[PDB]
Amino acid sequence: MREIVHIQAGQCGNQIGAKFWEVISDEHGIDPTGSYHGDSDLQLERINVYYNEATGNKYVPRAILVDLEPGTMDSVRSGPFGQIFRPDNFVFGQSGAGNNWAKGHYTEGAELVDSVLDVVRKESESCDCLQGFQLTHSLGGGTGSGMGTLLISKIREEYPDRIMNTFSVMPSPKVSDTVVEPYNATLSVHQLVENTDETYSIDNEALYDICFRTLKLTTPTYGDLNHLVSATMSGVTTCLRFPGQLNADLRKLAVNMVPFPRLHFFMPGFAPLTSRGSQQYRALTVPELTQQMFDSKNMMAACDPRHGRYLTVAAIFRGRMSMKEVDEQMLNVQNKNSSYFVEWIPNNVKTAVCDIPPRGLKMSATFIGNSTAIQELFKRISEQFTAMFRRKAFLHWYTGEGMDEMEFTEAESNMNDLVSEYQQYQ
Amino acid sequence: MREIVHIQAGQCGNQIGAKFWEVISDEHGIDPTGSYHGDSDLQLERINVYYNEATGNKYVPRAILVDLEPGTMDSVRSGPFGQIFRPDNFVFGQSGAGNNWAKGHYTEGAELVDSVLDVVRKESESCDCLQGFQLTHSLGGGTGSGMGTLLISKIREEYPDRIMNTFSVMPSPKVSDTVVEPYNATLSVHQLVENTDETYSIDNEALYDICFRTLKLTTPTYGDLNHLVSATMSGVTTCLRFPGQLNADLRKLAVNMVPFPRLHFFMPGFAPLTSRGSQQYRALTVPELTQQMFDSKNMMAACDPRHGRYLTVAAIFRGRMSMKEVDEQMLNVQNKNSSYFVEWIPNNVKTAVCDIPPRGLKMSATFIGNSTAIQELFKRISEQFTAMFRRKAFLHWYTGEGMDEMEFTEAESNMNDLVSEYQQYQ
Amino acid sequence: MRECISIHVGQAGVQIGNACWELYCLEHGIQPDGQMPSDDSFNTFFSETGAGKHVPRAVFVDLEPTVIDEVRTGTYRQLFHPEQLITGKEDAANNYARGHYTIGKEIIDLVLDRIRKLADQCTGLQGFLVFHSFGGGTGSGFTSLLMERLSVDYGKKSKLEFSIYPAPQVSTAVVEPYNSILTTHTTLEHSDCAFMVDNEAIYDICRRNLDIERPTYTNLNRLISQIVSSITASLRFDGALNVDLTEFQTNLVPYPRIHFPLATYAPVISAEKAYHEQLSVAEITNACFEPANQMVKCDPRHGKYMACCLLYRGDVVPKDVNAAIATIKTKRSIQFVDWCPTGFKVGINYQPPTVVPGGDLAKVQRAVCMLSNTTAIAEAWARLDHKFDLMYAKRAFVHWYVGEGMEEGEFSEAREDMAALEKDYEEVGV
Amino acid sequence: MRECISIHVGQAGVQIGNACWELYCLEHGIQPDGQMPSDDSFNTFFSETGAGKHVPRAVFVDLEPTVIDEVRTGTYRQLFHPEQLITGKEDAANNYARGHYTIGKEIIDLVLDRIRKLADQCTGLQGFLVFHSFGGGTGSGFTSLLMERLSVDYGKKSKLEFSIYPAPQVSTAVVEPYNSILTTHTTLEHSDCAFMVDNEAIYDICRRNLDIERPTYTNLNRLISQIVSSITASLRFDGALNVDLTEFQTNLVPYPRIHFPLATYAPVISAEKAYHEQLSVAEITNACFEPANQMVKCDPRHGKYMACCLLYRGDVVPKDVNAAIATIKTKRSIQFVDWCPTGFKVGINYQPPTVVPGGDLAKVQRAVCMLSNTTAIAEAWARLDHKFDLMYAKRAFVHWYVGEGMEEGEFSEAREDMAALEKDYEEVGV
Ligand SMILES: CC(=O)O[C@H]1C(=O)[C@@]2(C)[C@H]([C@H](OC(=O)c3ccccc3)[C@]3(O)C[C@H](OC(=O)[C@H](O)[C@@H](NC(=O)c4ccccc4)c4ccccc4)C(C)=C1C3(C)C)[C@]1(OC(C)=O)CO[C@@H]1C[C@@H]2O
Ligand SMILES: CC(=O)O[C@H]1C(=O)[C@@]2(C)[C@H]([C@H](OC(=O)c3ccccc3)[C@]3(O)C[C@H](OC(=O)[C@H](O)[C@@H](NC(=O)c4ccccc4)c4ccccc4)C(C)=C1C3(C)C)[C@]1(OC(C)=O)CO[C@@H]1C[C@@H]2O
Ligand SMILES: Nc1nc2c(ncn2[C@@H]2O[C@H](COP(=O)(O)OP(=O)(O)OP(=O)(O)O)[C@@H](O)[C@H]2O)c(=O)[nH]1
Ligand SMILES: Nc1nc2c(ncn2[C@@H]2O[C@H](COP(=O)(O)OP(=O)(O)OP(=O)(O)O)[C@@H](O)[C@H]2O)c(=O)[nH]1
Ligand SMILES: Nc1nc2c(ncn2[C@@H]2O[C@H](COP(=O)(O)OP(=O)(O)O)[C@@H](O)[C@H]2O)c(=O)[nH]1
Ligand SMILES: Nc1nc2c(ncn2[C@@H]2O[C@H](COP(=O)(O)OP(=O)(O)O)[C@@H](O)[C@H]2O)c(=O)[nH]1
Ligand SMILES: [Mg+2]
Ligand SMILES: [Mg+2]
């Protein structure tokens with residue numbers, strides 16, 4: 001029943017996916033050993049969406065862990081929930097990609113794509129009614145951006161009709177940790193736009209901005225950014241794992257949220273968000289959730305929505321609430337801020353409400369937005385690419401892998417085409 | 001329901017506003033932690049006027065604390081009721097204004113006006129039916145006089161119809177603590193007259209005169225002057241927070257109290273006032289309250305009303321009293337002292353009575369007066385300005401901030417224009 | 001937040017630093033080893049490391065090592081960062097010439113290097129507190145070279161000047177006016193507010209008030225430290241009327257070139273004398289304007305006050321300040337310029353003065369810091385200009401300044417500049 | 001997995017190996033006898049046998065026995081495989097000629113034999129870490145012969161080059177530039193990333209930072225070992241951002257011939273100095289770009305940065321790394337080439353630096369390894385080329401090179417090649 005098959009690519013992808021697995025195992029009440037320990041039967045009916053039923057009433061997640069290094073596999077298996085995973089889905093090479101997209105897409109990951117495909121196919125045939133694939137990866141470096149796009153293309157080729165949603169942490173200028181990120185991002189979005197039905201753009205800088213300027217953490221580590229990602233990870237698929245008054249699965253979002261086929265790079269967000277010493281004082285009412293939700297500080301990318309127009313926004317609320325105030329805020333936001341939403345398309349909001357709130361939360365709101373302002377990251381990536389493209393650096397480490405100049409040129413042309421379409425409707 | 005949004009500017013403003021918050025929290029029976037502890041339900045219906053309802057039945061005041069130094073914020077948060085305030089409304093810089101009006105109005109406060117506006121706007125949208133803004137600040141120095149006028153102008157620009165009442169402690173010759181006060185006062189009243197619908201002039205010297213010659217305090221500290229200010233602070237808004245036979249909110253006062261649009265700098269006062277050893281002997285009857293109320297010693301500015309004519313006087317009484325004696329004193333005062341009230345406008349008094357007296361008081365009277373004698377402080381400020389204007393001192397510390405000579409000239413011209421209008425009707 | 005970098009140049013500067021930090025470690029409760037036995041009141045003057053150590057943000061620069069490597073042997077050898085206290089190889093020979101061109105040239109680049117490495121941890125750097133002597137070769141030449149580069153690398157930052165100025169009668173060197181005159185360009189162009197210190201006036205202070213017949217310069221230092229700490233009192237502790245360092249100098253300065261105020265401290269009184277007086281706010285207010293309490297041998301009654309700043313500290317009520325200043329404006333013997341009928345700036349701080357255990361100053365619940373600019377101080381330069389003529393009229397000692405790379409006409413620009421300053425402080429008095 | 005074969009050629013190579021393995025046995029906790037008292041963190045550098053013994057994968061090659069058979073007598077005589085440390089019969093006579101054609105010819109075949117028997121147990125061999133000196137006869141000639149055959153037998157494997165480079169002033173032999181110039185073909189053609197070591201610059205480092213007046217080369221070695229271990233830190237221990245040895249050199253190298261980066265280490269500081277500093281990430285980040293901390297006597301401020309790699313280790317948070325690099329890109333004095341507005345590669349490791357008990361380096365919770373390529377380093381070759389002219393203009397010592405089987409024109413190809421390299425490092429700076 002609407003089974004969803006997860007794939008992890010790169011160290012970023014597999015660690016954030018592992019923490020997502022931890023979060024939704026707590027939501028479904030799954031013991032670290034894999035046994036069920038939840039309180040209500042509501043955690044139990046839609047276990048088949050993320051986990052496989054096995055002997056002993058223990059449940060194994062439908063995740064395929066893909067990497068080119070064994071060290072990340074070693075860390076994840078030794079992590080808090082390493083034991084719950086399938087030993088077979090730990091499919092990995094030995095030599096790393098070295099943050100080389102060409103390595104992952106032609107040499108290093110091409111040999112392991114056969115060993116990942118035979119696992120993803122068995123996972124899919126284990127499903128009763130497959131709905132799609134949620135894939136976690138990073139546009140930075142050559143592992144997540146490199147092999148991730150290749151296997152995404154393969155699964156899209158053999159699964160043409162299933163939903164393809166990807167959550168992509170993507171490079172940024174001021175919190176860049178690797179020199180050669182823009183090549184990787186340009187060569188990755190080239191395949192992401194053509195193949196993926198859904199892509200969530202996540203930028204690390206805005207995660208940092210959330211954890212300082214909203215969460216007031218003095219030392220928010222990398223796991224806290226993983227947590228911020230996993231919150232929306234769990235939120236976007238809430239409707240098809242739990243009952244709610246307005247059920248909106250992934251394709252419910254899709255039919256409402258992407259006006260033209262290529263305009264599918266979106267803006268995630270989550271509410272509520274407070275510091276430790278300020279949650280005691282906050283009124284968690286839904287209107288306040290809304291005023292927090294469309295704030296430019298709550299978002300997870302540097303693209304400020306005030307520099308563009310929203311095409312479609314998705315607000316999947318959660319908890320035991322009525323909904324007239326839901327409609328009134330969703331119309332007030334787009335009425336008083338009608339200059340920030342495309343007036344030519346009147347009702348830019350898709351509303352979904354779930355009946356069971358997250359554990360420890362009385363209510364929650366998950367933000368998904370289509371704004372023309374998201375081109376801020378794309379054109380900046382293209383500009384940084386040009387600053388390292390126009391007269392030939394670092395290309396020997398790609399062309400040595402069989403990579404060629406004209407494909408780089410087409411990738412840049414496609415970035416320019418994308419930013420053109422997203423500026424067209426602004 | 002007639003929500004009123006408070007803003008604190010300068011150390012003077014935020015400390016006197018904090019003590020006002022303490023006073024009216026006691027009047028409304030609000031615990032230091034923010035919880036309700038009042039005795040009757042009468043303290044509870046109009047909590048929305050000053051406080052925001054939150055989770056746990058605790059109440060947060062609608063105050064925005066603005067300063068250019070963190071030390072005053074540190075003192076107020078560590079004060080008796082520091083914990084009840086919003087951590088977000090503590091909006092503050094690091095480098096102080098140095099008692100420079102130009103710094104606050106162009107450089108130091110201009111960068112923080114964006115961070116104060118996003119807070120005042122959220123506070124206003126949190127209101128059900130906004131009535132106005134009560135702003136506390138000081139005409140002395142460059143913080144309260146400097147940024148206060150700028151943000152007052154901004155809120156007047158974006159809120160053109162709401163009531164604008166300000167309580168302004170203003171410089172004086174004999175109890176002056178800073179050399180450069182007159183520049184600040186002249187550059188502040190320039191905006192106060194053009195923007196504010198209401199301004200209460202408070203002079204420190206007459207507060208001292210009250211605490212010695214009426215209250216008989218040997219060591220009345222600065223907090224006692226803050227208390228004297230906060231008494232009228234609470235009195236002027238009594239009618240729209242509690243029932244009374246004659247309800248007179250802020251705009252009720254306004255329509256009765258300012259004959260021409262620019263004649264809106266007024267004379268506050270409060271009764272009863274006794275020493276510790278003399279309250280035991282005093283008869284607190286309303287006629288005695290009146291004889292105390294129009295005394296030149298009860299007022300809070302050096303402008304002696306016998307040197308001018310009252311345009312309009314507001315007497316907002318409070319307590320369980322009948323009112324025929326109220327009318328008889330309000331006519332006897334203006335009949336036997338008709339030479340001190342403009343005979344050309346016959347009934348100079350606005351009468352308001354509240355049913356619940358202040359805690360510990362059986363009755364109270366709050367004095368608001370429009371006298372042409374208030375020009376005493378204005379022309380004296382202009383004269384002191386001229387003694388430091390006509391041949392160029394201290395201007396390098398303003399002109400270094402982008403300030404210019406001709407604007408000083410227009411400010412002085414506007415002080416002269418004001419004193420001209422207030423002498424015109426004397 | 002609110003950090004200030006203190007500069008100490010010459011023997012006078014480094015030793016007055018040794019006394020100042022002696023006062024600061026006591027008032028903020030730091031051991032001579034830099035530790036805190038048991039608020040961020042020390043962030044204004046001291047930096048903190050992970051191990052719980054307080055490291056001062058100060059540089060001791062002397063072109064000769066004797067005093068500084070004496071500091072390397074004293075009780076504060078471990079308090080200071082050893083290579084932020086810079087020593088030269090050749091002394092300044094009481095000569096501005098070598099200190100400004102020859103010997104300080106090779107060492108100033110390291111001094112600014114250490115100043116930069118002191119600036120880069122200051123998140124809220126407020127200003128500079130440089131200490132030296134006019135008459136000394138180092139305190140003249142090296143300071144002249146140093147404020148020049150500080151004014152272009154830290155132009156926005158305020159630079160308070162605490163300098164030791166020669167006496168009308170007491171002198172230690174014959175070349176002192178030569179060193180003093182070439183310093184005048186630095187204070188006029190590369191200083192924001194200069195505080196001048198006269199040894200003979202404060203000699204009279206300690207003779208009359210402290211009742212001590214035989215004090216040393218260390219007694220002078222254990223009151224210059226109090227005056228500087230009182231000026232910095234508002235930045236480090238809480239007060240009802242805290243005066244920012246920028247607020248302070250905006251209140252002192254009427255014009256960019258008139259920034260030379262006098263300083264006095266009250267109550268300067270011995271321990272045996274503190275007992276028999278109640279020591280009210282009024283009398284410490286009245287004692288400051290008494291010419292027998294001035295730090296510079298000039299009569300304020302000979303001149304006119306422009307700006308007045310009441311830096312009280314301790315158990316002082318501002319009402320008593322207003323009552324005192326009403327009496328101050330009541331008497332005619334204290335006539336202020338027609339600029340300032342408002343007269344007085346008031347600053348109150350809650351910290352009582354901290355007493356040095358080996359000092360000669362009494363413990364008093366109240367202390368006031370008096371800083372005022374006046375036209376009478378031009379007399380302290382009105383004898384130095386006639387003095388400089390009395391040497392320059394033969395070219396008395398110029399062959400050394402000429403021999404060390406100074407232009408002969410730099411003396412001409414020097415006395416032209418002091419004459420311009422002397423005129424500037426006379427027209428404003430009308 | 002992740003094995004690296006270390007090559008040690010010449011006296012400098014073998015003794016720097018003696019210091020490196022001294023550091024490695026301590027940081028990985030191996031006794032000098034090879035045993036483990038009580039993770040596979042040692043598999044990168046040491047091999048394991050059945051009896052619980054750690055055997056290093058290293059070759060000591062010297063054409064003369066004195067230093068190596070001294071190693072056969074030292075505390076590490078039993079740590080090493082005795083016949084993987086190869087000794088010749090005739091010294092190299094500081095001559096590239098015999099070392100490259102005459103005396104190393106009979107011994108190189110055994111050296112490659114031992115390299116093969118070291119390669120055949122490495123399941124995940126990552127690269128080569130060869131140590132030598134440019135000026136030495138062995139470190140020039142034998143390395144020149146050895147990389148030639150290694151590049152055809154292990155062409156795919158990376159070959160990191162850690163070489164000791166002559167000083168502008170300090171020198172031990174007159175023939176050193178002759179040996180250095182014929183090495184340039186090897187680094188250009190048969191090396192993937194070369195790291196150059198200057199003795200005089202690091203002499204200044206230990207003089208200023210370590211406060212030690214009288215260190216030996218052993219002090220030089222006990223910091224070259226730290227720099228190489230920090231470069232290999234990510235391969236042996238866990239880190240939030242582990243940088244692969246291939247990832248590293250891909251981040252350094254803009255073009256196949258531009259692979260000559262500088263190296264610096266922070267914090268180089270004495271034990272008495274570690275106490276008074278908190279030693280934040282920012283200051284160790286700022287100290288690395290200071291020209292007074294460079295390992296080669298060239299001013300980075302004279303040149304432009306191309307690639308920057310932040311190899312942090314210890315208790316360092318990557319947020320602090322981003323905050324530091326924001327300040328680094330903020331100042332204009334550090335101007336990067338228009339190639340790299342992204343600027344910085346960041347690598348963080350969880351292992352704090354390991355201190356040598358007999359060393360002069362302090363124990364610090366944080367350590368950073370700085371490796372950067374820049375155009376300013378061409379000056380370190382811009383004096384060596386003019387130097388080589390100053391000898392070759394008479395054919396100064398060539399009769400020995402001619403007498404030992406070198407073609408006379410090989411000097412001509414040598415300075416042609418260095419001129420080509422010098423040009424190549426200038427056009428990229430535009
Ligand atoms: C005592 C109390 O009220 O504290 C709350 C809490 O509401 C706060 C402090 C929580 C708290 O979260 C954090 O401290 C945090 C830190 C870094 C990154 C993200 C969160 C909380 O940890 C998080 C936790 O939330 C949940 O349990 C949700 O189900 C959440 N799951 C997790 O956060 C989680 C934590 C550990 C392991 C597995 C899951 C979730 C959210 C969306 C979708 C699915 C699940 C709750 C209610 C609290 C604490 C415990 C303090 C916040 O978290 C969430 C996700 O709601 C941070 O801001 C929100 C709201 C609150 O301020
Ligand atoms: C035993 C007794 O009868 O003493 C009374 C009292 O009537 C006297 C002494 C009080 C007293 O006030 C003072 O001592 C005082 C000191 C400095 C400045 C101002 C007041 C009293 O403290 C004040 C207090 O008044 C109130 O509580 C009012 O509600 C007042 N609120 C406060 O004063 C207050 C005090 C502490 C904390 C918070 C509020 C108020 C007035 C107007 C509008 C709103 C609130 C009362 C009745 C008394 C005491 C306790 C002695 C007086 O105060 C007021 C404001 O009515 C001073 O003159 C009046 C009248 C009396 O003489
Ligand atoms: N008040 C006071 N003045 C001092 C003190 N020490 C030195 N001076 C002044 O310094 C002047 C002479 O300068 P120097 O003693 O030579 O010190 P210097 O500034 O280092 O000059 P050089 O020795 O030439 O480098 C004297 O006239 C004193 O007035 C002191 O401890 N207290
Ligand atoms: N930094 C550093 N350099 C060294 C050390 N030992 C030798 N050198 C360098 O080696 C250079 C001279 O080479 P040699 O001493 O002859 O050593 P070699 O490489 O074995 O050459 P041959 O003796 O001819 O075989 C000197 O210029 C030094 O710079 C050392 O311990 N530290
Ligand atoms: N938001 C987030 N970003 C990360 C995390 N870990 C690493 N990153 C950054 O994301 C980028 C992704 O590159 P990376 O995954 O290392 O490349 P790959 O090895 O080829 O997959 C890196 O440059 C990191 O700086 C994480 O846990 N959360
Ligand atoms: N009535 C009253 N006056 C005060 C109080 N505190 C300070 N003042 C005086 O009011 C004047 C206001 O100036 P100030 O607020 O310091 O200037 P700012 O810092 O730029 O806001 C000062 O000169 C003080 O002398 C107080 O609590 N009550
Ligand atoms: Mg000296
Ligand atoms: Mg040798």
# chains A, B, ... in the order shown; residues from 1 in each chain; ligands from 1

$ select_by_dssp --residues "stretch 178-338 of chain D" --states "alpha helix (DSSP H)" --output "ChimeraX atom specification"
/D:178-190,199-208,217-231,233-236,245-252,271-274,281-288,318-330

$ interface_residues --of "chain B" --to "chain C" --cutoff "9 Å" --atoms "only C-alpha atoms" --output "ChimeraX atom specification"
/B:71,75,94-100,173-181,208,219-222,384,387-388,393-397

$ write_last_selection --atoms "N, CA and C atoms" --output "compact mmCIF listing (two decimals), in the first residue's frame"
# COMPACT_ATOMS: atom_id res chain seq x y z
N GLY B 71 23.84 47.52 28.09
CA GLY B 71 23.86 47.62 29.54
C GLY B 71 22.50 47.89 30.15
N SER B 75 20.34 45.58 32.69
CA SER B 75 19.74 46.00 33.95
C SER B 75 18.25 45.70 33.99
N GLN B 94 25.18 47.87 20.01
CA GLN B 94 26.31 47.74 20.92
C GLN B 94 26.96 49.07 21.24
N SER B 95 27.32 49.85 20.22
CA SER B 95 27.88 51.18 20.45
C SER B 95 26.76 52.16 20.77
N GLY B 96 26.95 52.95 21.82
CA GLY B 96 25.95 53.90 22.25
C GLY B 96 25.91 55.13 21.37
N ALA B 97 24.89 55.95 21.61
CA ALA B 97 24.73 57.20 20.87
C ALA B 97 25.61 58.32 21.38
N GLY B 98 26.16 58.19 22.59
CA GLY B 98 26.97 59.26 23.15
C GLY B 98 26.23 60.56 23.33
N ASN B 99 24.92 60.50 23.61
CA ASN B 99 24.06 61.68 23.69
C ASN B 99 24.14 62.53 22.43
N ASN B 100 24.19 61.87 21.27
CA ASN B 100 24.25 62.54 19.98
C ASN B 100 22.96 62.25 19.22
N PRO B 173 17.20 73.56 32.98
CA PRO B 173 18.47 74.27 33.18
C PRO B 173 19.19 73.90 34.47
N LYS B 174 18.48 73.84 35.59
CA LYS B 174 19.13 73.72 36.90
C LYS B 174 19.42 72.27 37.29
N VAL B 175 18.77 71.29 36.67
CA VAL B 175 19.01 69.90 37.01
C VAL B 175 19.48 69.20 35.74
N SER B 176 20.20 69.94 34.89
CA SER B 176 20.78 69.40 33.68
C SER B 176 22.00 68.55 34.04
N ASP B 177 22.06 67.34 33.49
CA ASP B 177 23.17 66.44 33.73
C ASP B 177 24.06 66.26 32.51
N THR B 178 23.66 66.80 31.35
CA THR B 178 24.44 66.67 30.13
C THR B 178 24.54 68.04 29.47
N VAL B 179 25.70 68.30 28.87
CA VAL B 179 25.96 69.62 28.28
C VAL B 179 25.09 69.85 27.05
N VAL B 180 24.88 68.81 26.24
CA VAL B 180 24.37 68.97 24.88
C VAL B 180 22.87 68.65 24.81
N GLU B 181 22.16 68.76 25.93
CA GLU B 181 20.72 68.50 25.92
C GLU B 181 19.93 69.43 25.00
N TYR B 208 11.21 66.54 41.26
CA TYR B 208 11.94 66.78 42.50
C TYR B 208 11.13 67.67 43.44
N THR B 219 15.30 61.22 50.82
CA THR B 219 16.10 60.67 49.72
C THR B 219 15.18 60.01 48.71
N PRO B 220 14.44 60.80 47.93
CA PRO B 220 13.71 60.22 46.79
C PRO B 220 14.66 59.98 45.63
N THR B 221 14.84 58.71 45.29
CA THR B 221 15.76 58.32 44.24
C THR B 221 15.13 58.50 42.87
N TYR B 222 15.86 58.06 41.84
CA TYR B 222 15.38 58.19 40.47
C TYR B 222 14.15 57.32 40.24
N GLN B 384 18.42 78.72 25.43
CA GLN B 384 19.65 77.98 25.71
C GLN B 384 20.27 77.44 24.42
N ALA B 387 22.13 80.24 22.91
CA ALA B 387 23.38 80.50 23.62
C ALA B 387 24.46 79.51 23.21
N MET B 388 24.07 78.43 22.54
CA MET B 388 25.06 77.49 22.01
C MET B 388 24.86 77.27 20.52
N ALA B 393 29.30 76.09 18.39
CA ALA B 393 29.99 75.05 19.16
C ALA B 393 29.33 73.69 18.96
N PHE B 394 30.12 72.63 19.18
CA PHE B 394 29.66 71.24 19.26
C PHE B 394 29.10 70.71 17.95
N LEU B 395 29.07 71.52 16.90
CA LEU B 395 28.47 71.11 15.64
C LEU B 395 29.30 70.10 14.87
N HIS B 396 30.60 69.98 15.18
CA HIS B 396 31.42 68.99 14.49
C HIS B 396 31.01 67.57 14.85
N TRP B 397 30.40 67.37 16.02
CA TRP B 397 30.00 66.03 16.41
C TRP B 397 28.64 65.66 15.82

$ interface_residues --of "chain B" --to "chain A" --cutoff "9 Å" --atoms "only C-alpha atoms" --output "list in words"
residues 53, 54, 55, 56, 58, 60, 86, 87 and 122 of chain B

$ write_last_selection --atoms "C-alpha atoms" --output "JSON list (two decimals), in the first residue's frame"
[["chain", "number", "residue", "atom", "x", "y", "z"],
["B", 53, "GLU", "CA", -2.45, 35.87, 26.05],
["B", 54, "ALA", "CA", -0.11, 32.88, 25.90],
["B", 55, "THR", "CA", 0.04, 29.22, 26.87],
["B", 56, "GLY", "CA", -0.33, 28.42, 30.55],
["B", 58, "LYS", "CA", 0.53, 33.65, 31.43],
["B", 60, "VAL", "CA", 3.40, 38.93, 28.08],
["B", 86, "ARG", "CA", 9.71, 39.10, 25.37],
["B", 87, "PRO", "CA", 13.30, 38.07, 24.55],
["B", 122, "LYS", "CA", 4.32, 41.74, 14.44]]

$ interface_residues --of "chain D" --to "chain C" --cutoff "8 Å" --atoms "only C-alpha atoms" --output "number ranges by chain"
D: 275-279

$ write_last_selection --atoms "N, CA and C atoms" --output "mmCIF file, in the first residue's frame"
data_model
loop_
_atom_site.group_PDB
_atom_site.id
_atom_site.type_symbol
_atom_site.label_atom_id
_atom_site.label_comp_id
_atom_site.auth_asym_id
_atom_site.auth_seq_id
_atom_site.Cartn_x
_atom_site.Cartn_y
_atom_site.Cartn_z
ATOM 1 N N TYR D 275 50.571 27.991 27.733
ATOM 2 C CA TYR D 275 49.709 28.203 28.889
ATOM 3 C C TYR D 275 48.918 29.502 28.794
ATOM 4 N N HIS D 276 49.553 30.586 28.351
ATOM 5 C CA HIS D 276 48.965 31.917 28.417
ATOM 6 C C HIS D 276 48.030 32.224 27.251
ATOM 7 N N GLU D 277 47.891 31.314 26.290
ATOM 8 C CA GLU D 277 46.987 31.518 25.167
ATOM 9 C C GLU D 277 45.864 30.494 25.210
ATOM 10 N N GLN D 278 44.652 30.958 24.900
ATOM 11 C CA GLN D 278 43.531 30.058 24.672
ATOM 12 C C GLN D 278 43.684 29.261 23.385
ATOM 13 N N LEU D 279 44.400 29.809 22.401
ATOM 14 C CA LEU D 279 44.727 29.112 21.156
ATOM 15 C C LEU D 279 43.468 28.682 20.403
#

$ residues_around --residues "stretch 311-315 of chain C" --least-positions-apart "2" --cutoff "6 Å" --atoms "only C-alpha atoms" --output "list in words"
residues 347, 348, 349, 350, 351, 352, 365, 366, 367, 368 and 369 of chain C

$ residues_near_ligand --ligand "ligand 2" --cutoff "6 Å" --atoms "only C-alpha atoms and all ligand atoms" --output "PyMOL selection string"
chain B and resi 22-23+26+224+227-228+231+234-235+272-276+279+358-361

$ residues_around --residues "residue C:175" --least-positions-apart "4" --cutoff "8 Å" --atoms "only C-alpha atoms" --output "list in words"
residues 94, 95, 135, 179 and 397 of chain C

$ select_by_dssp --residues "stretch 245-310 of chain B" --states "strand (DSSP E or B)" --output "list in words"
residues 246, 265, 266, 267, 268, 269, 270, 271, 299 and 310 of chain B

$ closest_atom_pairs --of "chain D" --to "ligand 8" --cutoff "7 Å" --atoms "only C-alpha atoms and all ligand atoms" --output "CSV"
residue,atom,partner,partner_atom_place_in_ligand_line,distance
D:10,CA,ligand 8,1 (Mg),4.6
D:11,CA,ligand 8,1 (Mg),4.5
D:62,CA,ligand 8,1 (Mg),6.4
D:63,CA,ligand 8,1 (Mg),6.7
D:64,CA,ligand 8,1 (Mg),6.4
D:91,CA,ligand 8,1 (Mg),6.4
D:92,CA,ligand 8,1 (Mg),6.1
D:136,CA,ligand 8,1 (Mg),6.2
D:137,CA,ligand 8,1 (Mg),6.3
D:138,CA,ligand 8,1 (Mg),5.4

$ write_last_selection --atoms "C-alpha atoms" --output "short mmCIF file (atom, residue, chain, number, x, y, z; two decimals), in the first residue's frame"
data_model
loop_
_atom_site.label_atom_id
_atom_site.label_comp_id
_atom_site.auth_asym_id
_atom_site.auth_seq_id
_atom_site.Cartn_x
_atom_site.Cartn_y
_atom_site.Cartn_z
CA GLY D 10 69.92 9.90 1.56
CA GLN D 11 71.03 10.88 5.05
CA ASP D 62 71.57 5.30 1.65
CA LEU D 63 74.57 4.79 -0.60
CA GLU D 64 76.67 4.99 2.58
CA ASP D 91 78.93 7.40 -0.64
CA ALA D 92 77.27 9.69 -3.17
CA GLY D 136 72.49 15.83 -1.33
CA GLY D 137 74.12 13.47 -3.78
CA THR D 138 71.98 10.49 -2.80
#
